[PDB]
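Engineer: My structure file model00.pdb, PDB, C-alpha atoms, is below:
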```pdb
ATOM      1  CA  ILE A 945      11.404-150.241 -86.381
ATOM      2  CA  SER A 946      12.141-146.820 -84.778
ATOM      3  CA  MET A 947       9.197-145.222 -86.650
ATOM      4  CA  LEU A 948       6.593-147.020 -84.458
ATOM      5  CA  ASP A 949       8.707-146.741 -81.269
ATOM      6  CA  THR A 950       6.797-143.447 -80.825
ATOM      7  CA  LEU A 951       3.611-145.574 -80.432
ATOM      8  CA  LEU A 952       4.616-146.730 -76.922
ATOM      9  CA  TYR A 953       5.468-143.175 -75.761
ATOM     10  CA  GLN A 954       2.099-141.911 -77.052
ATOM     11  CA  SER A 955       0.389-144.739 -75.098
ATOM     12  CA  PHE A 956       0.945-142.872 -71.787
ATOM     13  CA  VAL A 957      -1.594-140.147 -72.640
ATOM     14  CA  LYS A 958      -3.756-142.549 -74.735
ATOM     15  CA  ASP A 959      -4.482-146.035 -73.305
ATOM     16  CA  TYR A 960      -6.501-147.100 -76.377
ATOM     17  CA  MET A 961      -3.706-146.247 -78.898
ATOM     18  CA  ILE A 962      -2.100-149.733 -78.942
ATOM     19  CA  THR A 963      -5.415-151.627 -79.232
ATOM     20  CA  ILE A 964      -6.730-149.362 -82.031
ATOM     21  CA  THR A 965      -3.423-149.738 -83.948
ATOM     22  CA  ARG A 966      -3.568-153.568 -83.890
ATOM     23  CA  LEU A 967      -7.228-153.560 -85.026
ATOM     24  CA  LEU A 968      -6.154-151.560 -88.125
ATOM     25  CA  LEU A 969      -3.246-153.984 -88.678
ATOM     26  CA  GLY A 970      -5.553-156.997 -88.169
ATOM     27  CA  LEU A 971      -3.837-158.731 -85.241
ATOM     28  CA  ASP A 972      -6.180-158.369 -82.230
ATOM     29  CA  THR A 973      -9.411-158.802 -84.224
ATOM     30  CA  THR A 974     -12.535-158.853 -82.029
ATOM     31  CA  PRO A 975     -15.920-160.108 -83.396
ATOM     32  CA  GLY A 976     -17.200-156.583 -84.193
ATOM     33  CA  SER A 977     -14.148-155.217 -86.030
ATOM     34  CA  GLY A 978     -12.915-153.904 -89.391
ATOM     35  CA  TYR A 979      -9.886-154.130 -91.676
ATOM     36  CA  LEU A 980      -7.789-152.019 -94.078
ATOM     37  CA  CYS A 981      -8.622-152.257 -97.802
ATOM     38  CA  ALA A 982      -7.509-150.573-101.045
ATOM     39  CA  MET A 983      -9.955-149.244-103.670
ATOM     40  CA  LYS A 984      -7.969-148.021-106.692
ATOM     41  CA  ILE A 985      -9.602-145.062-108.481
ATOM     42  CA  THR A 986      -9.618-146.298-112.102
ATOM     43  CA  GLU A 987     -10.983-144.493-115.216
ATOM     44  CA  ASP A 988     -14.515-145.673-114.273
ATOM     45  CA  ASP A 989     -14.191-144.166-110.764
ATOM     46  CA  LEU A 990     -13.292-140.686-112.178
ATOM     47  CA  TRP A 991     -17.104-140.209-112.391
ATOM     48  CA  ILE A 992     -16.645-138.947-108.819
ATOM     49  CA  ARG A 993     -14.164-136.031-108.715
ATOM     50  CA  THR A 994     -13.900-134.999-105.021
ATOM     51  CA  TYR A 995     -13.008-136.890-101.822
ATOM     52  CA  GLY A 996     -16.218-135.576-100.195
ATOM     53  CA  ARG A 997     -18.403-137.119-102.917
ATOM     54  CA  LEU A 998     -16.329-140.341-102.686
ATOM     55  CA  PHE A 999     -17.346-140.430 -98.994
ATOM     56  CA  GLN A1000     -21.035-140.565-100.062
ATOM     57  CA  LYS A1001     -20.904-143.574-102.423
ATOM     58  CA  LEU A1002     -18.728-145.693-100.103
ATOM     59  CA  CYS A1003     -20.718-144.887 -96.944
ATOM     60  CA  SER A1004     -24.230-145.159 -98.448
ATOM     61  CA  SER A1005     -23.826-148.301-100.602
ATOM     62  CA  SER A1006     -21.500-150.649 -98.668
ATOM     63  CA  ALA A1007     -21.013-148.935 -95.232
ATOM     64  CA  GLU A1008     -17.286-148.173 -95.689
ATOM     65  CA  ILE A1009     -15.296-145.251 -94.228
ATOM     66  CA  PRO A1010     -12.069-143.911 -95.818
ATOM     67  CA  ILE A1011      -9.036-142.782 -93.784
ATOM     68  CA  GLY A1012      -6.942-141.231 -96.579
ATOM     69  CA  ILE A1013      -5.535-141.436-100.123
ATOM     70  CA  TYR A1014      -2.280-142.550-101.802
ATOM     71  CA  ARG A1015      -1.366-140.547-104.935
ATOM     72  CA  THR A1016       1.127-141.311-107.729
ATOM     73  CA  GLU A1017       2.029-138.130-109.652
ATOM     74  CA  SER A1018       4.388-138.078-112.664
ATOM     75  CA  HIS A1019       7.503-136.079-111.674
TER      76      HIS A1019
ATOM     77  CA  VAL B 720      -8.010-176.994-104.311
ATOM     78  CA  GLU B 721     -10.774-175.722-101.991
ATOM     79  CA  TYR B 722     -10.266-173.743 -98.756
ATOM     80  CA  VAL B 723     -11.932-173.838 -95.311
ATOM     81  CA  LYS B 724     -12.156-170.954 -92.810
ATOM     82  CA  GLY B 725     -10.704-171.750 -89.374
ATOM     83  CA  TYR B 726      -8.163-170.905 -86.672
ATOM     84  CA  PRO B 727      -4.627-172.210 -87.405
ATOM     85  CA  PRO B 728      -3.854-175.182 -85.091
ATOM     86  CA  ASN B 729      -0.116-174.708 -84.438
ATOM     87  CA  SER B 730       0.692-171.259 -83.029
ATOM     88  CA  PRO B 731       4.515-170.908 -82.883
ATOM     89  CA  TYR B 732       4.355-168.700 -79.739
ATOM     90  CA  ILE B 733       2.193-168.732 -76.602
ATOM     91  CA  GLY B 734       0.566-165.268 -76.502
ATOM     92  CA  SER B 735      -0.700-165.292 -80.110
ATOM     93  CA  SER B 736      -3.893-163.853 -81.619
ATOM     94  CA  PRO B 737      -6.161-166.472 -83.264
ATOM     95  CA  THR B 738      -7.829-165.448 -86.560
ATOM     96  CA  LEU B 739      -9.721-167.064 -89.475
ATOM     97  CA  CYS B 740      -7.258-167.374 -92.376
ATOM     98  CA  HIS B 741      -8.644-169.580 -95.226
ATOM     99  CA  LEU B 742      -7.005-172.835 -94.059
ATOM    100  CA  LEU B 743      -6.385-175.875 -96.270
ATOM    101  CA  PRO B 744      -8.808-178.830 -95.853
ATOM    102  CA  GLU B 745      -5.902-181.307 -95.717
ATOM    103  CA  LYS B 746      -2.810-180.510 -93.631
ATOM    104  CA  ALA B 747       0.017-180.273 -96.204
ATOM    105  CA  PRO B 748       3.333-182.183 -95.964
ATOM    106  CA  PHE B 749       6.686-180.436 -95.353
ATOM    107  CA  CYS B 750       8.072-181.486 -98.772
ATOM    108  CA  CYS B 751       5.315-179.727-100.777
ATOM    109  CA  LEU B 752       6.149-176.382 -99.079
ATOM    110  CA  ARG B 753       9.577-176.362-100.796
ATOM    111  CA  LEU B 754       9.773-175.125-104.414
ATOM    112  CA  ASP B 755      13.370-175.977-105.403
ATOM    113  CA  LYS B 756      12.956-179.794-105.325
ATOM    114  CA  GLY B 757       9.703-181.265-106.675
ATOM    115  CA  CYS B 758       8.764-184.243-104.475
ATOM    116  CA  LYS B 759       6.427-187.154-105.343
ATOM    117  CA  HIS B 760       3.253-185.020-105.185
ATOM    118  CA  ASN B 761       3.613-182.176-107.707
ATOM    119  CA  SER B 762       7.053-182.260-109.366
ATOM    120  CA  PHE B 763       7.717-178.554-110.019
ATOM    121  CA  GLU B 764      11.268-177.155-109.712
ATOM    122  CA  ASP B 765      10.571-173.432-110.268
ATOM    123  CA  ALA B 766       7.693-171.206-109.117
ATOM    124  CA  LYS B 767       6.582-170.431-112.706
ATOM    125  CA  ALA B 768       5.775-174.133-113.307
ATOM    126  CA  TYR B 769       3.015-174.029-110.630
ATOM    127  CA  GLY B 770       1.093-171.432-112.683
ATOM    128  CA  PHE B 771       0.126-168.931-109.990
ATOM    129  CA  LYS B 772      -2.968-166.830-110.713
ATOM    130  CA  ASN B 773      -2.596-163.261-109.363
TER     131      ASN B 773
ATOM    132  CA  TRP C1098     -18.453-171.938 -86.812
ATOM    133  CA  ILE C1099     -19.121-168.259 -87.606
ATOM    134  CA  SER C1100     -21.097-166.823 -84.664
ATOM    135  CA  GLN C1101     -20.256-169.232 -81.810
ATOM    136  CA  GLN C1102     -16.545-169.631 -82.714
ATOM    137  CA  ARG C1103     -15.639-165.896 -82.748
ATOM    138  CA  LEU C1104     -17.206-164.910 -79.384
ATOM    139  CA  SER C1105     -15.704-168.005 -77.676
ATOM    140  CA  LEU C1106     -12.091-167.029 -78.532
ATOM    141  CA  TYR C1107     -12.565-163.367 -77.469
ATOM    142  CA  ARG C1108     -13.921-164.154 -73.970
ATOM    143  CA  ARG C1109     -11.253-166.916 -73.575
ATOM    144  CA  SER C1110      -9.029-166.096 -70.553
ATOM    145  CA  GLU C1111      -5.235-166.571 -70.248
ATOM    146  CA  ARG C1112      -5.631-169.773 -68.181
ATOM    147  CA  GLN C1113      -8.091-171.116 -70.792
ATOM    148  CA  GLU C1114      -5.579-170.374 -73.620
ATOM    149  CA  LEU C1115      -2.732-172.237 -71.880
ATOM    150  CA  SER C1116      -4.912-175.329 -71.261
TER     151      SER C1116
END
```
Rewrite the coordinates I just gave you, this time as structure tokens.

Structural biologist:
Amino acid sequence: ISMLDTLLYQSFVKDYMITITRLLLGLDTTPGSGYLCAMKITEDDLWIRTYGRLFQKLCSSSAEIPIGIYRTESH
Amino acid sequence: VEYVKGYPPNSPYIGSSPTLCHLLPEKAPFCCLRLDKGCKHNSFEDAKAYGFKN
Amino acid sequence: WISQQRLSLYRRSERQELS
């Protein structure tokens, strides 16, 4: 719970910060809004190698924008 | 069973955010929510007996 | 249902929610 306590302290400088956080979470969903999804890069998706070229296919075909990536290395 | 998109009728608190959530067509009874004791509707004791896809 | 239902809940004020 203490990890997102920082959210409220950041909200002083940034008024938007609370509203934009809840739109990502999918609580305060307005009509023109988005949501977080998870596209797993399988053996078929290795066709694309870089994150820059992944940005092309997602943006051009289905109008999606990526925030980041979640890796699972063997170690 | 089919699903219908709609805002959930009973919000447990006042200042709550309404959203479309794939609601059930029929409003289910309180007995069918429980797994442990299979009531006169779908007598299943454990969760594996339901046969959950995904 | 889709178009009319979404915009109605967004513009809905606090007094309209409580009613």

Engineer: Residues of chain B that have any atom at most 9 Å from an atom of chain C: could you tabulate them with the shortest-distance atom pair and the distance in Å to one decimal, using all atoms listed in the file, ordered by chain and increasing number, as a tab-separated table?

Structural biologist:
```
residue	atom	partner	partner_atom	distance
B:724	CA	C:1098	CA	8.8
B:725	CA	C:1098	CA	8.2
B:733	CA	C:1115	CA	7.7
B:734	CA	C:1114	CA	8.5
B:737	CA	C:1106	CA	7.6
B:738	CA	C:1103	CA	8.7
```

Engineer: Find the residues in chain A near chain B: any atom within 12 Å counts, using only C-alpha atoms. Write them as an mmCIF file with C-alpha atoms, in the coordinates of the input.

Structural biologist:
```
data_model
loop_
_atom_site.group_PDB
_atom_site.id
_atom_site.type_symbol
_atom_site.label_atom_id
_atom_site.label_comp_id
_atom_site.auth_asym_id
_atom_site.auth_seq_id
_atom_site.Cartn_x
_atom_site.Cartn_y
_atom_site.Cartn_z
ATOM 1 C CA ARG A 966 -3.568 -153.568 -83.890
ATOM 2 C CA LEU A 967 -7.228 -153.560 -85.026
ATOM 3 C CA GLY A 970 -5.553 -156.997 -88.169
ATOM 4 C CA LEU A 971 -3.837 -158.731 -85.241
ATOM 5 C CA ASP A 972 -6.180 -158.369 -82.230
ATOM 6 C CA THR A 973 -9.411 -158.802 -84.224
ATOM 7 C CA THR A 974 -12.535 -158.853 -82.029
ATOM 8 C CA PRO A 975 -15.920 -160.108 -83.396
#
```

Engineer: As JSON, please: the centre and edge lengths in Å, to one decimal, of an axis-aligned box enclosing every listed atom of stretch 732-746 of chain B with 5 Å added on each side.

Structural biologist:
```
{"center_x": -2.7, "center_y": -172.6, "center_z": -86.4, "size_x": 24.1, "size_y": 27.5, "size_z": 29.8}
```

Engineer: Set the distance at 12 Å and use only C-alpha atoms: which residues neighbour residue B:761 once local chain neighbours fewer than 5 positions away are removed? I'd like the list as a VMD selection string.

Structural biologist: chain B and resid 748 750 to 756 766 768 to 769

Engineer: Could you check the closest approach to chain C for each of A:951, A:959, A:998, A:977 and tell me which residue wins, using all atoms listed in the file?

Structural biologist: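 Smallest distance to chain C is found for A:977.
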
Engineer: Please measure the separation of atom CA of residue B:746 and atom CA of residue B:721, giving the value in Å to one decimal.

Structural biologist: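 Between atom CA of residue B:746 and atom CA of residue B:721 the gap works out to 12.5 Å.
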
Engineer: Can you tell me how far atom CA of residue B:770 sits from atom CA of residue B:720, in Å to one decimal?

Structural biologist: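 Going from atom CA of residue B:770 over to atom CA of residue B:720 covers 13.6 Å.
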
Engineer: Which polymer residues have any atom within 12 Å of an atom of stretch 1003-1018 of chain A, counting all atoms listed in the file, with same-chain residues fewer than 3 positions away left out, as a ChimeraX atom specification?

Structural biologist: /A:968,978-985,994-1000

Engineer: Quick one: write out the picked residues with C-alpha atoms as a PDB file, keeping the file's coordinate frame?

Structural biologist:
```pdb
ATOM      1  CA  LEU A 968      -6.154-151.560 -88.125  1.00  0.00           C
ATOM      2  CA  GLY A 978     -12.915-153.904 -89.391  1.00  0.00           C
ATOM      3  CA  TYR A 979      -9.886-154.130 -91.676  1.00  0.00           C
ATOM      4  CA  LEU A 980      -7.789-152.019 -94.078  1.00  0.00           C
ATOM      5  CA  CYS A 981      -8.622-152.257 -97.802  1.00  0.00           C
ATOM      6  CA  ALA A 982      -7.509-150.573-101.045  1.00  0.00           C
ATOM      7  CA  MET A 983      -9.955-149.244-103.670  1.00  0.00           C
ATOM      8  CA  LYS A 984      -7.969-148.021-106.692  1.00  0.00           C
ATOM      9  CA  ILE A 985      -9.602-145.062-108.481  1.00  0.00           C
ATOM     10  CA  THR A 994     -13.900-134.999-105.021  1.00  0.00           C
ATOM     11  CA  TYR A 995     -13.008-136.890-101.822  1.00  0.00           C
ATOM     12  CA  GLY A 996     -16.218-135.576-100.195  1.00  0.00           C
ATOM     13  CA  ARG A 997     -18.403-137.119-102.917  1.00  0.00           C
ATOM     14  CA  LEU A 998     -16.329-140.341-102.686  1.00  0.00           C
ATOM     15  CA  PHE A 999     -17.346-140.430 -98.994  1.00  0.00           C
ATOM     16  CA  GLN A1000     -21.035-140.565-100.062  1.00  0.00           C
TER      17      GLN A1000
END
```

Engineer: As an exercise, work out the distance from atom CA of residue A:952 to atom CA of residue B:740 in Å and give it to one decimal place.

Structural biologist: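 About the pair atom CA of residue A:952 and atom CA of residue B:740: they are 28.4 Å apart.
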
Engineer: How about completing chain C with N, CA and C atoms and giving it to me as a short mmCIF file (atom, residue, chain, number, x, y, z; two decimals), in the frame of the given file?

Structural biologist:
```
data_model
loop_
_atom_site.label_atom_id
_atom_site.label_comp_id
_atom_site.auth_asym_id
_atom_site.auth_seq_id
_atom_site.Cartn_x
_atom_site.Cartn_y
_atom_site.Cartn_z
N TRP C 1098 -19.37 -172.09 -85.69
CA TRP C 1098 -18.45 -171.94 -86.81
C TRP C 1098 -18.16 -170.46 -87.08
N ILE C 1099 -19.22 -169.69 -87.32
CA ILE C 1099 -19.12 -168.26 -87.61
C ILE C 1099 -19.43 -167.42 -86.37
N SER C 1100 -20.62 -167.61 -85.81
CA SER C 1100 -21.10 -166.82 -84.66
C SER C 1100 -20.53 -167.32 -83.33
N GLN C 1101 -20.68 -168.62 -83.08
CA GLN C 1101 -20.26 -169.23 -81.81
C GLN C 1101 -18.73 -169.31 -81.64
N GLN C 1102 -18.01 -169.49 -82.74
CA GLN C 1102 -16.55 -169.63 -82.71
C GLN C 1102 -15.80 -168.33 -82.41
N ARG C 1103 -16.30 -167.20 -82.93
CA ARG C 1103 -15.64 -165.90 -82.75
C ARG C 1103 -15.75 -165.36 -81.32
N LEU C 1104 -16.96 -165.38 -80.76
CA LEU C 1104 -17.21 -164.91 -79.38
C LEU C 1104 -16.55 -165.79 -78.31
N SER C 1105 -16.36 -167.08 -78.61
CA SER C 1105 -15.70 -168.00 -77.68
C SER C 1105 -14.21 -167.71 -77.49
N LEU C 1106 -13.53 -167.36 -78.57
CA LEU C 1106 -12.09 -167.03 -78.53
C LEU C 1106 -11.79 -165.66 -77.91
N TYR C 1107 -12.72 -164.71 -78.04
CA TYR C 1107 -12.56 -163.37 -77.47
C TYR C 1107 -12.66 -163.38 -75.94
N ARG C 1108 -13.72 -164.01 -75.42
CA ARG C 1108 -13.92 -164.15 -73.97
C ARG C 1108 -12.93 -165.11 -73.28
N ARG C 1109 -12.25 -165.96 -74.07
CA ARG C 1109 -11.25 -166.92 -73.58
C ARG C 1109 -10.15 -166.25 -72.74
N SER C 1110 -10.02 -166.65 -71.48
CA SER C 1110 -9.03 -166.10 -70.55
C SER C 1110 -7.63 -166.67 -70.80
N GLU C 1111 -6.63 -166.12 -70.12
CA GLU C 1111 -5.24 -166.57 -70.25
C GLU C 1111 -5.03 -168.02 -69.79
N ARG C 1112 -5.69 -168.40 -68.69
CA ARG C 1112 -5.63 -169.77 -68.18
C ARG C 1112 -6.32 -170.76 -69.13
N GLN C 1113 -7.38 -170.31 -69.80
CA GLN C 1113 -8.09 -171.12 -70.79
C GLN C 1113 -7.27 -171.30 -72.08
N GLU C 1114 -6.49 -170.29 -72.46
CA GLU C 1114 -5.58 -170.37 -73.62
C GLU C 1114 -4.46 -171.39 -73.41
N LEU C 1115 -3.85 -171.35 -72.23
CA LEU C 1115 -2.73 -172.24 -71.88
C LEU C 1115 -3.14 -173.71 -71.79
N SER C 1116 -4.37 -173.97 -71.33
CA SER C 1116 -4.91 -175.33 -71.26
C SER C 1116 -5.14 -175.92 -72.66
#
```
